[PDB]
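Q: Here it is, the structure, as structure tokens.
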Amino acid sequence: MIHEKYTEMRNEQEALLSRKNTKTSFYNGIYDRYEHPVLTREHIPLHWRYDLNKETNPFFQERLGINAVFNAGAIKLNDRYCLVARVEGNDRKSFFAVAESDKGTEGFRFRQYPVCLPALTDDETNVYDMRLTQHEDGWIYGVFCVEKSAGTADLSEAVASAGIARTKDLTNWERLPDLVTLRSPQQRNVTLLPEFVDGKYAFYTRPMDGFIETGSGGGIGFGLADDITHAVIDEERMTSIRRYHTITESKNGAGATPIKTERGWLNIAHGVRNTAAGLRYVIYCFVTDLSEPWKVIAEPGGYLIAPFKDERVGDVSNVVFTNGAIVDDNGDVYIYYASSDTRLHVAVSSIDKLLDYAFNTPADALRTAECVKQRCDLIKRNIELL
Amino acid sequence: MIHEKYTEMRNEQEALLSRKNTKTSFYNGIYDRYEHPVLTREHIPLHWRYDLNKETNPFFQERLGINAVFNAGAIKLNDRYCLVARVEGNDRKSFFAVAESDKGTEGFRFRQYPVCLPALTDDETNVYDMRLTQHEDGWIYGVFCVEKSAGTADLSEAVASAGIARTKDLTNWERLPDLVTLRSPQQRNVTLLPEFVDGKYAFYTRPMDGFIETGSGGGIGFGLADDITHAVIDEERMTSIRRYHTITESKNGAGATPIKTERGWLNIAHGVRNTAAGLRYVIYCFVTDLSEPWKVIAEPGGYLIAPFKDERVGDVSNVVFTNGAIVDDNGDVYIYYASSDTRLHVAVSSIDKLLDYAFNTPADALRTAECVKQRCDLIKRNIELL
Amino acid sequence: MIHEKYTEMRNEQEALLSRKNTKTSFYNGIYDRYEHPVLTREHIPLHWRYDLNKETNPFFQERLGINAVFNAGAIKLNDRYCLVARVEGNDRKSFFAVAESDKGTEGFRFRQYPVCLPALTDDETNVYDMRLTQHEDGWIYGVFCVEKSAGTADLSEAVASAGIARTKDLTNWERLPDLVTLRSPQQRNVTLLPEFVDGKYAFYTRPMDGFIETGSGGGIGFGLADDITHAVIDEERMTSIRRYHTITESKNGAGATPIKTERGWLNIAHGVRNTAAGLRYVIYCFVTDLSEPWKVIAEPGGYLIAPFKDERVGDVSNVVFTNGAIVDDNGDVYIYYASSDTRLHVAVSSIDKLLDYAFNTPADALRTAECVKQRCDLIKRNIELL
Ligand SMILES: OC[C@H]1O[C@@H](O[C@H]2[C@H](O)[C@@H](O)[C@H](O)O[C@@H]2CO)[C@@H](O)[C@@H](O)[C@@H]1O
Ligand SMILES: OC[C@H]1O[C@@H](O[C@H]2[C@H](O)[C@@H](O)[C@H](O)O[C@@H]2CO)[C@@H](O)[C@@H](O)[C@@H]1O
Ligand SMILES: OC[C@H]1O[C@@H](O[C@H]2[C@H](O)[C@@H](O)[C@H](O)O[C@@H]2CO)[C@@H](O)[C@@H](O)[C@@H]1O
């Protein structure tokens, strides 16, 4: 009763799922790239997409296609690397699905079902880009974007807010009230710090006047909420901010969940600028202080990751983006970065390498002549050494 | 007197023109993709582009280059597959030219000359995207876009209308009056149904407030005109409409000429949405009722064709588009879809396959949590089967 | 003390620097393309980017990355082909650096240091796109864009002006006052003619109302300044202008420095139009009269160079751009054109070939039906010949 075409395609999918991944020749001394994505639309199990029944699907047509797999939350759970992937259906709605592997760079396979995330209202059209936090209160929190129609004459006009849900296993989710930020009508790129700050739940936020353009909103905010089960933030203290003629000029936002180090919170974030071709997204780092996490204590000039080779092209070209990283006990760091809103990659680094990058890459000299003086200082050091 | 360089380039062009095309490994159970485009700028005969005379063209320079070949009307005519291609010159003006083959997927060759299409006014700057209709009144009609300067201070401001011309052979064309739509100042993506409706000429239309943004214009309209030689439409009844967070959010429009089936009119159309990289065009289907062709009776969620691999990049990236299909008597369907406003491809399907897609692909569940429930229902069916 | 990783990477860089370049199969009878760029981010010497000291750079991390190398001025200097490249750092600021080769198409190597260009004010954030002029007054002039924050609430709002500097060697630069144009608040794509006109310094200019959109500004202007050391232009006489539905519709600007020929000034310039994917840049030619250099005496329809194959994609896709060419005494012409604001290419032609293109390529027929008549005339000539 299973269509004859299924077995051959299932065998091909199994081959893909198991395919080795290889470190490429890319080098910057900070992280490694890999030949293949860790997740693509073709990693979604065939029986999530095809009706296997030859009676009701005689031609074995794809009934529910997958358009893209990207922007994934990431966490280590019972010694497996777990990705809470943003999966965009053929119908253009995204949903979460979990893939796991015993390796950080290959072999990811989706669980039996996608994520059932309870809706709070009847007009939640999309949910996306979940950041996962292993919180000291004992829960795993997912903080994600919730998008609703604005209900105006402009059909494309939408409103973003931060959803909050918690879990022990990434299968069973308790949906808490959406975050309220008293000083901003919309939020995106919100993420929860793993530790209390002054006994409160602490977030990096991103206040926005609109759905695309931020305001008013000058950068990544830091905010405190008394109660995660009724989360309300008032003040949003600016941390890493938009700066003219830098990678963060148009807007910026937190990326991966804040990473705890002895030297501060390592924030792998994204910056946006406008070009003749549209918006360009890159990934950068900044470190915030442990006792004062609204205070930036390191921010290199420029980017850490930008679209490279085949990363440059996809549904939304000229974009790399991350909302997930995994840190192993030995200090290995797996940065899951998507490209062009289409596919998901991994970059492999370490805490020592990322901290050296963050603290020892020169700060942005901001103006061309000072940038040259800065680079000439380096050249002169090297020439002496030679 | 013919430049020595001509013979070698002519031999290379002949090799291209005759080159076999091969079905690729792409699979969705609905249509096949092919390795090569059916038409490109290099398919245009060398002697349409080069001055062959070595006296007046000593260096054998390309005098009238071709920039792109795309958005083609299509019709079967004396047992040949005929494409009325949109050919964009080096000078950025498009014109129509006919290519024919005895095969639907390869071997297309242009006729001796491009199309001489009489202008009605002295300010018709561009004509493009012709839909061909084999009408029951015995004529072949071409319905195309006519673009004129708006004549304002904004040099780029333009006005679109629907031109109508008829022919028996795609060489000799009678230019009729442009369509008038009393309730809309502009039109694009207009196409004529092959059959009368209540004794009148019937069109799918696309009312627009502006040259790029539609309004006001909520989707694809259905309209009736008493007289094709003085075509005037009043009411435009909405059919497939723009829907928030779907592939048709920003705008949509008819694509290929309506295809007659026993189950309704099969409309292979396009949907547009905005992204950080600009507008994204995909192709989708909807079926309208035979007795009430303003009434949509099937509309899958999502798209049928989206830019894939090398289709993604060109003059206008992230676009696929069709205004032509050919249906053989045995039910084979050839969908001619262009990518990125640069080149023309073919997708091969059948009426049975396209109808199964159209009626049996789940309708858009519109909101993420309902999309998941819908996909989980499919997964659960397949797991039981297993 | 030099990190062990340096030697292997230095050997790989040397291999790149020396790599042969090969003419491709591209043909239009006017210019040749080459397989490889003449300059990329990887051509920048490793010791401009890495700290070679293993004590201060234990992981051998890239401290000052290079994002792109493009839009280069070009001049022949002591029998070497010299490129004053726009080098964009990882931090998104550009600066000038000179590369030289004894061949026009390969083997380019950067000098010991980038260019130290004195700033006039403390708010010069970026400088870019220098056009080099070997002037009859005995100096080499560089005319470049100077960009400053507009200082408004809009962080991205910027102001462009034309900087002027002179040199004998491309190392030691005297920075003169920025050009003042009394009738336009901003300027970009300004270039100095190599000869006096009526005893004055003569420029092609590009008046602009804004930083991105021109106005008001209708095309490329011609202006005269009494004193290059206090350069002030009043009237800007229009030359090549924006034309609806041509490659120059949205805006245009001078490209490479005007090239002296017996038949007029050969201007290799750029044209811009808007598309669904963003702005598209192509390169075209026009010739101005020797005695009246505000007067256009040849302007082909269409473009000379457009993005081709891998040129199409980069930081700013769908762009080719030039602000540098080198003319050898034997008439060989090297056009240095960048693609997608990422990398720098060379196109090789000759004065005889470029003049034949400029004067004998049909003028734009402006409207589709007249474009067809024009092409049919050519076809008919060729068919007779056959
Ligand atoms: O698209 C690039 C990035 O934009 C953000 O999101 C999108 C979102 O993915 C779209 O579905 C929606 O239509 O509009 C948003 C535009 O901001 C960013 O946070 C990422 O989600 C995305 O990669
Ligand atoms: O460009 C994508 C699609 O846009 C529509 O047309 C263009 C037209 O091709 C351009 O020449 C003109 O400048 O503006 C229009 C923008 O809508 C669409 O119907 C297709 O023609 C085209 O593939
Ligand atoms: O980007 C395409 C072309 O735009 C012009 O310049 C840019 C400039 O390079 C950017 O750094 C700045 O942010 O905005 C300008 C937009 O016009 C053009 O003259 C070239 O510089 C560039 O290739």
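Starting from 1 in every chain, residues are counted up; chains themselves are A, B, ... following the order of the structure tokens, and ligands are numbered from 1 as listed.
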For region 100-109 of chain B, work out the shell of residues within 8 Å, counting only C-alpha atoms and skipping chain neighbours fewer than 6 positions away, then give it as JSON, numbers by chain.

A: {"B": [17, 18, 19, 20, 21, 34, 38, 39, 43, 79, 80, 81, 82, 83, 334, 346]}

Q: Give me, as a ChimeraX atom specification, the contact residues of chain A against chain C at a cut-off of 6 Å, counting only C-alpha atoms.

A: /A:28-30,244,246,276-277,301-302,361,367-368,379,382

Q: Looking at only C-alpha atoms, which of A:22, A:71, A:240, A:133 is the one that sits closest to residue 337 (chain A)?

A: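 Of A:22, A:71, A:240, A:133, the one nearest residue 337 (chain A), counting only C-alpha atoms, is A:71.
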
Q: Within 9 Å of residue 322 (chain C), counting only C-alpha atoms, which residues qualify if same-chain residues fewer than 4 places away don't, as a PyMOL selection string?

A: chain C and resi 70-73+129+254-256+268-270+283+335-338

Q: Can you work out the spacing between CA of residue 362 (chain A) and CA of residue 86 (chain C) in Å, to one decimal?

A: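 Atom-to-atom, CA of residue 362 (chain A) and CA of residue 86 (chain C) are spaced 21.0 Å apart.
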